[PDB]
Ligand code: HEM
Ligand code: HEM
Ligand SMILES: CNCc1cccc(OCc2ccc3ccc(N)nc3c2)c1
Ligand SMILES: CNCc1cccc(OCc2ccc3ccc(N)nc3c2)c1
Ligand SMILES: C[C@H](O)[C@H](O)[C@H]1CNc2nc(N)[nH]c(=O)c2N1
Ligand SMILES: C[C@H](O)[C@H](O)[C@H]1CNc2nc(N)[nH]c(=O)c2N1
Ligand SMILES: [Zn+2]
């Protein structure tokens, strides 16, 4: 019931008790592990509220205080009356930071307590949402000195007045299918690139077109908005050794801002809560550039390096992958845009893990996601045993809006 | 109940029914996943149904389920159990068992090869000298002058737990590791503790960088004995790089035959505590893990210096760069010497085909993503994007504690 995790490179052993406070389900059973599966009313509400307020008031050293008891009293009143309740700003901020702190798949959590929270619960329209989103982008970007931020729109009421950002990220490049057969731009965004066009967007049908925002307020039909180009910081990609690299004509944006997740706090659901930090190099160079179902330019780059692409055993893909990732990092660093390499980030995470075991009794961590997509075993997280479990507040997945929206 | 797994790169969806045949526990619960945990004297009482379940499996595979041969065998085993408290497997059953233990090894990416396994029955063995002979023959057969052949040698099963056969070595062929008084390590750091035991047992160490360790062999629960593998049986490969001439001067080499010898083979409730098996290497095992793990030979820096890389900031990815070239050199050396090896792209590509075939013909393929994904260049191999289900089927290979921690010493 008290679980131990071992690091095999250092022999360090941590003891986890935090998992006992876990409440949601993993998808695993004692007969089967699902660790590599990507996607596994009033009476329901008050225990959920109670649980949250319990941990909040414990965190400020007023567990069992009159304020705690009164707040519990007040929230219970509000629930029986209104069939929901509203979070105080302090509780909202706490809940957002803790959803990040609890995100078992995030390697960047050493930063969790420095999150800038923007309360947008007074928002009523898509133009309103647009304004808040623009403010978020400008603040987070900070001319290249990136700052973590989340903007929180009004909570779900009854599933009919949902606020939703339809983009998966605030900033992404368009993808177009050809008659020629292949794909121009980003293949992951083909379906969304088409819905925007199916909606009125006029595409420059280029290789790297910044997608428009598609914003849904209060359950209404979503509207297109173009993000002011001066708010979208981009980094041209060059290599510090290969002069022909620049000629490839690649660039990427500095701000990773995830916008399709659901934030759960005290039973309350925030369906629109775009958040942003800064990139780890491999998200762009390994996943975005080199994935087969994405920009997939490994071959192109290998050619210009004139590697023997004859047999897989020359490891030409491995060689190209590395140079690319060197370029991504070189480019952002040169341009004073915040980026972290996978070595630094995983080293930071090990330190964060040890902090959390110390000050909290554990740290839920999903190895399958924490270990980077290249050079896995030369990073310290590879040799680290991790326990995965779900804590709340939390970020959850939710269905794509176009599959659900009562149109 | 039916379970779906998706390949996110191809959108191929597969359906698993085989997991229903699973009995053994995973470690996971509904509230925790222990997916990344490395490591998560039997009575006639529980032996009966274990035997029966194995025999049901075996007779189904040969399409004789419920036959008179099936039923008689069941009666024969049942009688042997209540009489002698254990039982003996037929040769056919033993071969089926060993092959299926491999087929079921969810952490093994080489399983496309599972049906081609040479099974050596060493159950008539009684002494350590006899164990040495069987192991020598295994190594000679498996090596085959570089044209590697998968093999397993199986020693007598456990009885009362007091007469165990054990190979004390973790692998049949490994290099010694020596801790120096100045805190540094000569040879393979992973083998320091085992090297000490050998030396204590009387092994005269040459105390070099690549000394092949002696075999420490325990028959019938007796104290283990030292044997040196004849050097002509130990195929080794000098590591060079195809473009870098300075690489040979690093002085590296590795042995050709990976042969794991510390696992336990469970078949029909019987436990085979000594069952060394061998295949051939995936290049990254040597190049990534053996040479580049910080806890092993750890030659990354020396290689990076000789490449004249920017070693000042990790963001130069000097470590990643050196890692690739070391792995290129490993593959190049083995191919040049015509010693069987597989790169991680070929091996993972083959595993995917195997897994798809298994889902079709068998209803599933237990697979441990954490171990199947290779230790470098993970996302550019097809297994990275493959969802996998991990569960435990018998027959199986299991971990067991190191013998030096459990052995009762005789003298
Ligand atoms: C500040 C620098 C940050 C870094 C370097 C970072 C790093 C990462 C990386 C590499 C992943 C895996 C992404 C993928 O492979 O698709 C991830 C996932 C995730 N991140 Fe972080 N992150 C940062 C900030 C944040 C912030 C500010 C939040 C929320 C407030 C957050 C919440 C999450 C969540 C919920 C996931 C997993 C989503 C899922 O379940 O699929 N991260 N992070
Ligand atoms: C024929 C070529 C083979 C290849 C290329 C191969 C490849 C691999 C690799 C790369 C691993 C991971 C090892 C590690 O990272 O420590 C592994 C694990 C494993 N292999 Fe295979 N293997 C082969 C043959 C065999 C054979 C013949 C057997 C048994 C008869 C076997 C049984 C296992 C088992 C039980 C594991 C898991 C060990 C553990 O859980 O720690 N393999 N294999
Ligand atoms: C495509 N992978 C599935 C999927 C679906 C929805 C969200 C998501 O999040 C990835 C994610 C989330 C937060 C991040 C924060 C910072 C960062 N550099 N990357 C981050 C990446 C991942
Ligand atoms: C060091 N990791 C823990 C541990 C403990 C005991 C055995 C073992 O086996 C790894 C293993 C097992 C079988 C293999 C077969 C072929 C091969 N190329 N590598 C193989 C590697 C691994
Ligand atoms: C903590 C973690 O389970 C451990 O380091 C594992 C990770 N994946 C692995 N994968 C393989 N193939 N071999 C290993 O030894 C390991 N080690
Ligand atoms: C099949 C597998 O679950 C899928 O490819 C996962 C694996 N690990 C990952 N790890 C990270 N960080 N991000 C991902 O998108 C994925 N994808
Ligand atoms: Zn699990």
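Tell me, please, whether a residue that is more than 26 Å from residue A:111 (Cβ to Cβ), in a helix (DSSP H, G or I) and within 16 Å of ligand 3 (Cβ to nearest atom) can be found in region A:393-401.
Within region A:393-401 (the criterion being more than 26 Å from residue A:111 (Cβ to Cβ), in a helix (DSSP H, G or I) and within 16 Å of ligand 3 (Cβ to nearest atom)), the answer is yes, since at least one residue qualifies.
Provide a single number: the residues in region B:262-296 that are touching a strand residue (DSSP E or B) at 6+ places or on another chain (Cβ under 7 Å) and either part of a strand (DSSP E or B) or within 16 Å of ligand 3 (Cβ to nearest atom) (or both).
So the count comes out to 9.
Which one of these does residue B:377 not meet: (1) at the interface with another protein chain (Cβ under 9 Å from one of its Cβ atoms); (2) over 27 Å from residue B:36 (Cα atoms)?
In the conditions (1) at the interface with another protein chain (Cβ under 9 Å from one of its Cβ atoms); (2) over 27 Å from residue B:36 (Cα atoms), residue B:377 misses (2) alone.
Output yes when any residue across region B:37-51 is touching a strand residue (DSSP E or B) at 6+ places or on another chain (Cβ under 7 Å) and within 16 Å of ligand 2 (Cβ to nearest atom), and no when none is.
No, the conditions are met nowhere in region B:37-51.
Got at least one residue in region A:252-261 being in a loop (DSSP other than H, G, I, E, B), in contact with a helix residue (DSSP H, G or I) (Cβ under 7 Å, 6 or more places away or on another chain) and within 14 Å of chain B (Cβ to nearest Cβ)?
No: region A:252-261 contains no residue that is in a loop (DSSP other than H, G, I, E, B), in contact with a helix residue (DSSP H, G or I) (Cβ under 7 Å, 6 or more places away or on another chain) and within 14 Å of chain B (Cβ to nearest Cβ).
Select from region A:347-374 the residues that are within 16 Å of ligand 7 (Cβ to nearest atom) and in a helix (DSSP H, G or I) and write down the one among them that is nearest to residue A:14 (Cα to Cα).
A:367
Could you list, in sequence order, all residues of region A:383-407 that are facing chain B (nearest Cβ under 10 Å) and over 21 Å from the mean Cα position of the chain (by Cα)?
A:383, A:384, A:385 - these are the residues of region A:383-407 that are facing chain B (nearest Cβ under 10 Å) and over 21 Å from the mean Cα position of the chain (by Cα).
Being within 12 Å of another protein chain (Cβ to nearest Cβ) and more than 8 Å from ligand 2 (Cβ to nearest atom) is the filter here, so list the residues in region B:273-298 that pass it.
Those that are within 12 Å of another protein chain (Cβ to nearest Cβ) and more than 8 Å from ligand 2 (Cβ to nearest atom): B:283, B:287, B:288, B:290, B:291, B:292, B:293, B:294, B:295, B:296, B:298.
For (1) surrounded by 18 or more Cβ atoms within 10 Å (Cβ to Cβ); (2) under 28 Å from the mean Cα position of the chain (by Cα); (3) under 26 Å from residue A:164 (Cα atoms); (4) away from every other protein chain (no Cβ under 14 Å), each residue gets a yes or a no:
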{"residue": "A:40", "(1), (2), (3), (4)": "no, yes, yes, no"}
{"residue": "A:59", "(1), (2), (3), (4)": "no, yes, no, yes"}
{"residue": "A:66", "(1), (2), (3), (4)": "no, no, no, yes"}
{"residue": "A:86", "(1), (2), (3), (4)": "no, yes, yes, yes"}
{"residue": "A:90", "(1), (2), (3), (4)": "no, yes, yes, yes"}
{"residue": "A:100", "(1), (2), (3), (4)": "yes, yes, yes, yes"}
{"residue": "A:103", "(1), (2), (3), (4)": "yes, yes, yes, yes"}
{"residue": "A:120", "(1), (2), (3), (4)": "yes, yes, yes, yes"}
{"residue": "A:131", "(1), (2), (3), (4)": "no, yes, yes, yes"}
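What's the number of the condition residue B:9 fails, among (1) away from ligand 6 (no atom under 16 Å from the Cβ); (2) at the interface with another protein chain (Cβ under 7 Å from one of its Cβ atoms)?
Going through the list (1) away from ligand 6 (no atom under 16 Å from the Cβ); (2) at the interface with another protein chain (Cβ under 7 Å from one of its Cβ atoms), residue B:9 breaks only (1).
What are the residues in region A:237-261 that are surrounded by fewer than 18 Cβ atoms within 10 Å (Cβ to Cβ) and either within 16 Å of ligand 3 (Cβ to nearest atom) or assigned by CATH to the domain that holds residue A:132 (or both), if any?
The answer is A:258, and nothing else.
Residue-by-condition table, conditions (1) surrounded by fewer than 21 Cβ atoms within 10 Å (Cβ to Cβ); (2) assigned to a helix (DSSP H, G or I):
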| position | (1), (2) |
| --- | --- |
| B:298 | yes, no |
| B:308 | yes, no |
| B:320 | no, yes |
| B:325 | no, yes |
| B:339 | no, no |
| B:376 | no, no |
| B:409 | yes, no |
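Being buried (at least 21 other Cβ atoms within 10 Å of the Cβ) and within 19 Å of the chain's Cα centre (by Cα) narrows it down to one of A:109, A:147, so name that one.
It is A:109.
Any residue that is within 16 Å of ligand 6 (Cβ to nearest atom), out of contact with any strand residue (DSSP E or B) (no Cβ under 7 Å at 6 or more places or on another chain) and within 14 Å of chain B (Cβ to nearest Cβ) - is there at least one of those in region A:236-248?
no
Note that each Cβ is placed from the backbone with ideal geometry, even for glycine, and that neighbours are counted across all protein chains shown. All of this is worked out from the model, or read from it or from the source named; nothing here is a laboratory result.
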